[PDB]
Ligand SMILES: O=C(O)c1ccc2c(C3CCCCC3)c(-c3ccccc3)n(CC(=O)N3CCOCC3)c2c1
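Single chain ahead, by itself, as structure tokens, in the form deposited without the named molecule.
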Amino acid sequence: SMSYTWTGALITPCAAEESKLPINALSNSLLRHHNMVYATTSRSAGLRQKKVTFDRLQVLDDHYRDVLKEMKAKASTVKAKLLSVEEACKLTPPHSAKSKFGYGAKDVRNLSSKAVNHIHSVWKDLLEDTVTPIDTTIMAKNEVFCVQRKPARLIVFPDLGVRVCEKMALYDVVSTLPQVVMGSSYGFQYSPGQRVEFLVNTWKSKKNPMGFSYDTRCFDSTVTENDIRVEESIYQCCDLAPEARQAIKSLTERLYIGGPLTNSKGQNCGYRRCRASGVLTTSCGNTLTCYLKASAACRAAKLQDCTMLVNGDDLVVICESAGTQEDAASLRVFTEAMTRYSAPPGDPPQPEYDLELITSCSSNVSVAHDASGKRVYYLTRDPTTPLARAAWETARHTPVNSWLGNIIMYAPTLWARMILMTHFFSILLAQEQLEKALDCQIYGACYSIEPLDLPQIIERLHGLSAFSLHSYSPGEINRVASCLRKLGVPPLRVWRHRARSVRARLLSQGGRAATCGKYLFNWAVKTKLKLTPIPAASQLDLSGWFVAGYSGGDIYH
């Protein structure tokens, strides 16, 4: 079937959309080549619609059913609970889109009776009716990039009332099921420090390692009715309350499988027969479907001892090599199999024989040295998009502070420490806003974080070495330097100078500000301080950080 059918009506914005990088007094201190950075808008959505609209064919074999049988067997060991309305309301982000039915996210969060009553009636209706398609809104995402332009990504989501019901029915399932079914292969269970450890151990477990990432062309669009019905059959394997069972089937038939699309102005835009990016089960569904299809494709292509690492639609596979001729021919069969399962690639996969050349979750393995001269593996990426977005957020306040999520997940890196840490701590200092909790997304869920808790956070997710890493690789150094040149970002020597200043100001203030200055900026000074375990690091409640992915699932933690 066609992933989408269109009425010809336009995908529309809510407010005005900026595509040009906004510029304030602070912009040039980060980035000179302003015209390199742009944000997507609804006005390029027609180009995206084109791309994501295709027929899907699916041919399912015995390897496919075998793996599926395996997944169901493990899924049947899961016992999952129904969440109360109240519990589910509290999982709702403050900034979440308001209901068409006269209440918003904060009404939900403070449990107003208009919110609670409508939610109760959406749930009742789910139990009563398993056939009537639920309405969704299609919006264009506004995202920031550096020019190479990408058209806007689309987001399809149901009304807030329905989203709270999804939580009630499926939050425990999507939080717990994926690790049980997929074990060590489930990407979203890992801190960055654990993920790199898993990658290295896995590489090191192979006699002759070969790895490749697999980029599916528009994963959501490739997801068929069958796939969505298959993922539901996996949810129903769990020990569920009968109201959860009924709710899950109903959300599946009425929402997940497909339904009508409406713009922000209330016009009918068409119909969807593929994955919605803005539902609770988007991340879990993609991961189950990706791992199912990949595992089955691995058996068809006869890949030796293939180890999967899956994060929603993101797939890296590490296996035994059979030499370059055979590896290359194997990956073609792997791709043919995936293609038959309706997950063809955008870029064709290539085998890699160096772990550091594999990009997965937009990230590659790299190596640095700690205090004791010990080699240390850490995860990194091309700093171009992180810096473009940092540049946007330097002049515009945003719902998600990507800069902050990046500092958390890329703490050990050269660019995050020298540029991102320096720039943003300087800004918090000037505004006396160090104490101010900021929102950011990690693995799709929204977190309220205090910038001053960063030292503890970094210690827990990466280890202390993150505060002591030096002697980065020429590869990493070259990519960073060429990013700064391309973007017009001051050289790293400037950032070192600025940091000594930022550091001194932090230390001057004592308390947690001083802690940040000591741990985050030890690299800036020649005469280093001694970095011991942070007392507060062990006290931090970081449970719920690396349990699951929730991309598009409206989760606040």
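Basically, rigid core = biggest C-alpha set you can superpose within 1.5 Å across the two forms. A residue's number is simply how far along the shown sequence it sits, counting from 1.
Exercise for the section: Could you check the entry and say whether 369 to 377 or 317 to 325 has the higher mean CA B-factor? Expected result: Stretch with the higher mean C-alpha B-factor: 369 to 377.
Practice task
Averaging the C-alpha B factors as listed in the entry, name the stretch that ends up higher: 414 to 422 or 107 to 115.
Solution key: That would be 107 to 115.
Practice task
Using the temperature factors in the entry, find which of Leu387, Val310, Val400, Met338 has the highest value at its Cα atom.
Solution key: Spelled out: the listed residue with the top C-alpha B-factor is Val400.
Exercise for the section: Please pick out which of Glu356, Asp159, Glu253, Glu231 has the largest Cα B-factor as recorded in the entry. Expected result: Going by the entry's C-alpha B-factors, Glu356 comes out highest.
Handout entry: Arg503, C-alpha B-factor rank within chain (lowest, middle or highest third)
Key = CA B-factor rank for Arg503: middle third.
Practice task
Grab the CA temperature factor for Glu166 from the record and place it in the lowest, middle or highest third of its chain.
Solution key: It belongs to the lowest third of the chain when residues are ordered by C-alpha B-factor.
Exercise for the section: Within this chain's modelled residues, let me know which third the CA B factor of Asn406 belongs to: lowest, middle or highest. Expected result: According to the entry, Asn406 has a C-alpha B-factor in the chain's lowest third.
Handout entry: Chain-wide C-alpha B factor ranking for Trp495, given as lowest, middle or highest third
Key = It falls in the top third of the chain.
Problem - Ranked against its chain, the third holding the CA B-factor of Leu261 - result: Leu261: CA B-factor falls in the lowest third of its chain.
If you look for the form deposited with the named molecule bound, you will not find it shown, but the lines that follow are about it.
Handout entry: Open or blocked, once the named molecule is placed by superposing site C-alphas in the bound PDB entry (3+ ligand atoms within 2.4 Å of backbone or C-beta means blocked)
Key = Blocked.
Exercise for the section: Check, residue by residue, if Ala391, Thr394 and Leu487 all come within 4.5 Å of the named molecule in the bound PDB entry, counting heavy atoms only. Expected result: Affirmative, all three are within 4.5 Å.
Exercise for the section: Using heavy atoms only and a 4.5 Å cut-off, determine which of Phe334, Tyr291, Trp123, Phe424 is in contact with the named molecule in the bound PDB entry. Expected result: For this set of options, the contacting one is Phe424.
Practice task
With the named molecule left out of view, choose which of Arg512, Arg505, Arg498, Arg56 has a non-hydrogen atom within 4.5 angstroms of it in the bound PDB entry.
Solution key: Contact with the named molecule in the bound PDB entry is made by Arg498 alone.
Practice task
Determine whether any heavy atom of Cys516 comes within 4.5 Å of a heavy atom of the named molecule in the bound PDB entry, and answer yes or no.
Solution key: Taking the distances in the bound PDB entry, the answer for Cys516 is no, it never comes within 4.5 Å of the named molecule.
Handout entry: Close approach of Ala169 to the named molecule in the bound PDB entry, 4.5 Å, heavy atom
Key = Outside the cut-off, so no.
Practice task
Although the named molecule is absent from this view, report whether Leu420 comes within 4.5 Å of it in the bound PDB entry, heavy atoms only.
Solution key: Answer yes; at least one heavy atom of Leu420 falls within 4.5 Å of the named molecule in the bound PDB entry.
Handout entry: Contact of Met210 with the named molecule in the bound PDB entry (heavy atom, 4.5 Å)
Key = No.
Problem - Which of 412 to 420, 224 to 232, 239 to 247, 71 to 79 sits within 4.5 Å of the named molecule in the bound PDB entry, heavy atom basis - result: Result of the contact check: 412 to 420.
Practice task
After superposing the two forms on their rigid core, pick out the one entry in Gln441, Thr224, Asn263, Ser330 with a CA shift of 2 Å or more between this form and the one not shown.
Solution key: Just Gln441.
Problem - Flag for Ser233, CA shift 2 Å or larger between this form and the one not shown after aligning core - result: The answer is no, as the C-alpha of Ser233 shifts between this form and the one not shown by less than 2 Å after core alignment.
Handout entry: Core-aligned CA displacement of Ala504 at least 2 Å between this form and the one not shown
Key = Comparing the forms between this form and the one not shown, which are aligned on their rigid core, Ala504 does shift its C-alpha by 2 Å or more.
Problem - Flag for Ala45, CA shift 2 Å or larger between this form and the one not shown after aligning core - result: Superposed on the core, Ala45 moves its C-alpha less than 2 Å between this form and the one not shown.
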